[PDB]
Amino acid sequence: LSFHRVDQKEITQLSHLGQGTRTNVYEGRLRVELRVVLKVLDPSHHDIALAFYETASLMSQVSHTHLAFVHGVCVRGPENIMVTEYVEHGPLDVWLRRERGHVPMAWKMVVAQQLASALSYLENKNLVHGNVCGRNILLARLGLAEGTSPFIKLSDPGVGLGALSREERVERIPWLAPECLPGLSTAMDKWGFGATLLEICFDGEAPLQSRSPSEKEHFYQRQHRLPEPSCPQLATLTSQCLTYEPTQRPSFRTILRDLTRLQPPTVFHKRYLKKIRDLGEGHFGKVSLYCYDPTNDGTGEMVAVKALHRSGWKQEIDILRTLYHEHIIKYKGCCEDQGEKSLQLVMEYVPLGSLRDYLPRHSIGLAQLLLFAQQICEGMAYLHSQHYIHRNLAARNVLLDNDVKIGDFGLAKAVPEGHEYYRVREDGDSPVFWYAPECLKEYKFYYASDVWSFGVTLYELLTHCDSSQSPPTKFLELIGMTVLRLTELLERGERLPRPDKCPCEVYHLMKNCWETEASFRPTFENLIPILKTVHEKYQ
């Protein structure tokens, strides 16, 4: 379970906006200054306080243009509070009820498309929202003015569901999937979506409004079909969505297929960038989370921006521009400081962040730890094929969205085709405890040096980045100074110990990787099959 930690001092609570199940929503401010909303959870049952925190987790590990941003969770005495993105026009059903008779079906189709896109995203990630209703859809941009179009953000689902009472599940009918009545199918969000489309078509009026909880239950028991909307093939889409048998409900790829058919660059300006938080310090500078809102309408995208010799900084940007791979951090563009002042690197925001901070948070097993390892090799083997040495492979520089992403290209160099190794004396810091004996002793960097660097990250994966059991601390226990004592240590054959509960088979690879002679080390291409075979072992 993962979300960012928010302090009680950072938040301020404002006007009460309304109530959700077991919650009281407030406008607020985040001192990281920032307009937010505070969903406050009433002092409640553990089973439900956890299902609230489970939601914050689902939402802190996702990144989509049509999903409302979760800043983190804060504890203000007896109450659990979640800091969410404040959206200008608020709950969609409320808005539709007030805009009754001034909303075209063209406008509703854009919304339907956007919502389906946010759920198509969740579907690919095998994640379930569970509370898709117009109240949990927020209106950022109106889209009523000529030349414009609506923009929505699907908000957090609040307390889980099923964690909730049965007579509360009955109150959520017809948004509630019928299978969910006896107290998790990804098929439940295709029922909620279809029920939401009816809510949207009927301009905020809930279908089955004038029915008692007992009357609602009867409708589901007797399986009466839900009302047909306005028109056209939307009634077809709605109907398939609203099938009591979950297996018959169409996929969000098919929903978004039907919807897209029903229809009629690298320059970032500092002005449109609005900081959220800092993300970490790397080689060359700080990475900070930004929001890039060019239209100022609160519909921008979340980017990671890195700042701050100048020549070697440019090199970081030039290398990253030319790398396209599933496990390497993605280049987006550039930002110019001031009149010649400096250049800024715009990247993709990686929801779960560095492994170094993620690992001592839920002691994840061999299946997960090894999956990461094989991927770092999948990403490193591609880097090496592009004729570059990394020189900075550590767990601090390995990011993860789900469950995966290799960053910090500050030390990466290009090896000219002919040359065996690359000489670098430095004039900066270097992760010595992740460097091979030839790197420390003679300043020589072979492709083989990154493989040494790998085995060291592989160690951290298995120590769960334990600060007491870490490459700098453990290699220093062996002494009682610099790289010189380290050089002789490794030259004797002395290695980092085996982490507790590290399968001996895994610790063999680390040893293979920590070969003194660089030419005796396995290649990154050679390690992928080896890691696949082993990853198809610890289940």
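Residue numbers here begin at 1 and follow the sequence given.
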Does the deposited sequence hold unmodelled residues between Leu308 and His309, and if so, how many: none, 1 to 3, 4 to 9, or 10 or more?
4 to 9
Does the deposited sequence hold unmodelled residues between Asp403 and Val404, and if so, how many: none, 1 to 3, 4 to 9, or 10 or more?
1 to 3
Between 60-68 and 494-502, name whichever shows the higher mean Cα B factor according to the PDB entry.
494-502
Out of 132-140 and 367-375, which stretch has the higher average CA B-factor listed in the record?
367-375
Going by the entry, which of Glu85, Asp93, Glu79, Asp408 has the most elevated CA B factor?
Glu79
Could you say which of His362, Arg97, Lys444, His102 has its CA atom at the highest B factor, as listed in the PDB entry?
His362
Ordered by C-alpha B-factor within the chain, which third holds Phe252? Give me lowest, middle or highest, please.
middle
Lowest, middle or highest third: where is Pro182 by Cα B-factor in its chain?
highest
Quick check on the deposited entry: does the C-alpha B-factor of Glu27 sit in the lowest, middle or highest third of its chain?
lowest
Comparing against every modelled residue in the chain, figure out the third that the C-alpha B-factor of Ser230 lands in (lowest, middle or highest).
highest
Determine, from the deposited record, the chain-internal third of the Cα B-factor for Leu527: lowest, middle or highest.
highest
